[PDB]
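Following this are structure 1 and structure 2, which are two forms of one protein chain, each written alone as structure tokens.
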Structure 1
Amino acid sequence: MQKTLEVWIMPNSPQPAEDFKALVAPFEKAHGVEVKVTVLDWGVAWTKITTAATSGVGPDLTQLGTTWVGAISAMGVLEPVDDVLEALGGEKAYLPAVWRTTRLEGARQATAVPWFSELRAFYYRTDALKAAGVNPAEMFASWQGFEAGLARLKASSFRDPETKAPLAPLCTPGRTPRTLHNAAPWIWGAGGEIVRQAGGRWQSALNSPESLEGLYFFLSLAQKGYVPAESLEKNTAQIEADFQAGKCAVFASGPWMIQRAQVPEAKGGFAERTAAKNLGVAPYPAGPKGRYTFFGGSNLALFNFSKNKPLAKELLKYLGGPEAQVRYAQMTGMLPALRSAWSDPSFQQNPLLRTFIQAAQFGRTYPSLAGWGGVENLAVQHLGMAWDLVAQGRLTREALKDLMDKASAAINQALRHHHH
């Protein structure tokens, strides 16, 4: 009789269950096991996972967002996977920002195996920068170059061949629960942080001088006319759609847009569009205190009530390992989490994907706190109010400071009270 393993995943790929079943079919055959997959919507998965964790009933493996690893690990419900990670090549096999997501911050044992990385870089219209007299090498080198490039893009008379209208210089979604990930590289490039250990415990640093310098630099680009009114009312998918449709000269996204530019609109791509034929990528520009690439993605964890921890760890080694890494990155439009897979020809032969791997060298993640969930909720609430002021042209350094002072009080309260 076939042995059984159960895995919970989120919708990472176009046919989530079918793709995952294709991914693991070789493992199934090699180990005489049927891997049962259950797909959870991103918005319901956290509660289903915490219900599994406290009830002691659930799958053998679950996908976790990198930002969830601290909270679940602090519940004491995850099997240590230092063995699996040593098998896959240890600390040196991962970018440091990815390695940080294998455990609760400061914890003795690893509780999650890196599966795939989300990262962000700037897509840009090669045609629009040429017409505006902007060298992408200079525009994406520094904050000064970035803003000077947007000023040249705003002044340009260039029109999209299909829309027959001007392009907005920069699009950024102002209506998203993931708004903190778009702010994070500006906070970081100014020498700031969302949280910092201050007198030995974690506190908000959103109201630090450096955090406020970075956030004002980014949010003030909208107030200067570089981001349209309508973008601040849109979500991540709607901004991708606006770039595909020729409305934006520059926007931040992940690697999946490259594949989408190769596929016809009938298959959900944008190969027919001017943007697909005039596509550039550059990493985030260097701020005054450094250059940082937002990293996220997903890991896999083993529940300590699993009835077959040895076979589950063979599946973690398979999913974390070279061949499965490349294949699942292709399926999902993400990067491999395993650093050795960044040298696969399927990343090396495409110049746009080579640029993503250059951006990956600056990768940075949030601290893996047990309380991260509450921190991010509160940060997003107050960043939402800051974007609201941007819409009215009423974001001053003082109004931003007042909002991040409110966020910091609330975050510090949440961090003190986190239940164990």
Structure 2
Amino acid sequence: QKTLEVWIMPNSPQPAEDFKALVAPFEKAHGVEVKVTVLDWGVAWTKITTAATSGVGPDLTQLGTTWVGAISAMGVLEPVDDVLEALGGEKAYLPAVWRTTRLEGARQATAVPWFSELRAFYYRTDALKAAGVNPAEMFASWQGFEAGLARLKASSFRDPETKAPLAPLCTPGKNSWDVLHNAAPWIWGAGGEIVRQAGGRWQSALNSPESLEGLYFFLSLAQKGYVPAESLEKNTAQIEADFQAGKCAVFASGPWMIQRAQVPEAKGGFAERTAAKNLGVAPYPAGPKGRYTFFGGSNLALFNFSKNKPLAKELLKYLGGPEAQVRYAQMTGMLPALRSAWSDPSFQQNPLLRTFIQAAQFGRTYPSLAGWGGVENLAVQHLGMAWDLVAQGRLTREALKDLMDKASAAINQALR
């Protein structure tokens, strides 16, 4: 009785049940049972690295694209060049999705692209209308973005449900990997980066002039009262919930919210809510050095201590392939990792998703480095402490620089 075990993060409103629906046609063809376990994003790094060093865990795990090099360099993943060749090799993926299949500079791929995800701004159509904000100008530039938040702060608009005003902007300040992913575009927009390569060695560029200019611009949005104090102690899920509840006019997120907007509360969505009926999407605004957003998603890896590798490689080919690529993106509201799958009507004929599709031009990835998991832990801890400077009214350019100096020294040790 052939059995496979898969670890996933919560990609859909009913994560286990949807994934069971996705693999149902593969279970039927092979007479295999695919058992699924769901790990919260917060604990996923801990549980996946523990499986890696202990030698016990699933056949397959979901991996964030930014983690693939890091888990690969622990030497615990199976080569999957065979699976990727069978899915159509380098040509079948965006160059950026292809780079997340391997540790940077490795002979062999160690992960199969599963779904893509990039970031854009959800806004309340009713709130921006009542505030006199033209979205096309609010989302064009840093100048316009600040100008829209300031109109939204001063607006008399109140939510038809809460009978309370809306925070112009909510973003997470603690615990989530997004504390890093929400800062990345502001950093890139000012011409900076998280890391840079000098003499073949990567190092922190979080304390570079350009990185500090973008981070400072982002944090100073909270300084001016556009992000409420309470938001800076919250994690991604809580900010999502506050947008859904109609407490926030604007927030950065992935294409999945479009799907949740169509599905009732009882099935893990917010179709009942005022926000679901007053939903707009806009790209990140251009910085001084132009337009960028975070491009990520999740791949699938096979642990090299798996006992079911030929069968697990069949599951990878199936999950990586057109039918399952379309189906899971429909269930999750993600984009397919397989580029050919973007032409399916559920993505092309989806108006809010169109913004996410167009935003792929300006999408940017972290290099796929060995220490990258420790970089995200240190960046999240130290960016958390940078939001604290605003909550304490201690935000200065020199206090940010000091903070990022400490982060950079730590990130330089982690990168080796």
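Residue indices: 1-based, along structure 1. Superpose the two forms; the largest set of C-alphas matching within 1.5 Å is the rigid core.
Undergrad: After superposing the two forms on their rigid core, pick out the one entry in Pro322, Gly225, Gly133, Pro161 with a CA shift of 2 Å or more between structure 1 and structure 2.
TA: Single residue meeting the criterion: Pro322.
Undergrad: With a threshold of 2 Å on the C-alpha, tell me if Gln238 counts as moved between structure 1 and structure 2 once the core is superposed.
TA: No; that C-alpha moves by less than 2 Å between structure 1 and structure 2.
Undergrad: Kindly check if the Cα atom of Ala399 is displaced 2 angstroms or more between structure 1 and structure 2 relative to the superposed rigid core.
TA: No; that C-alpha moves by less than 2 Å between structure 1 and structure 2.
Undergrad: Taking the rigid core as the reference frame, is the Cα of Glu105 displaced by 2 Å or more between structure 1 and structure 2?
TA: For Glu105, whose C-alpha is compared between structure 1 and structure 2 after core superposition, the shift is 2 Å or more.
Undergrad: For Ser253, what C-alpha shift in Å results between structure 1 and structure 2 following superposition on the rigid core?
TA: Its alpha carbon moves by 0.7 Å.
Undergrad: Would you mind giving the Cα movement of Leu95 between structure 1 and structure 2 in Å, after fitting on the rigid core?
TA: Its C-alpha moves by 2.8 Å once the cores are overlaid.
Undergrad: Let me know the CA shift of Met75 between structure 1 and structure 2 in Å, rounded to one decimal, core fitted.
TA: Its C-alpha moves by 4.9 Å once the cores are overlaid.
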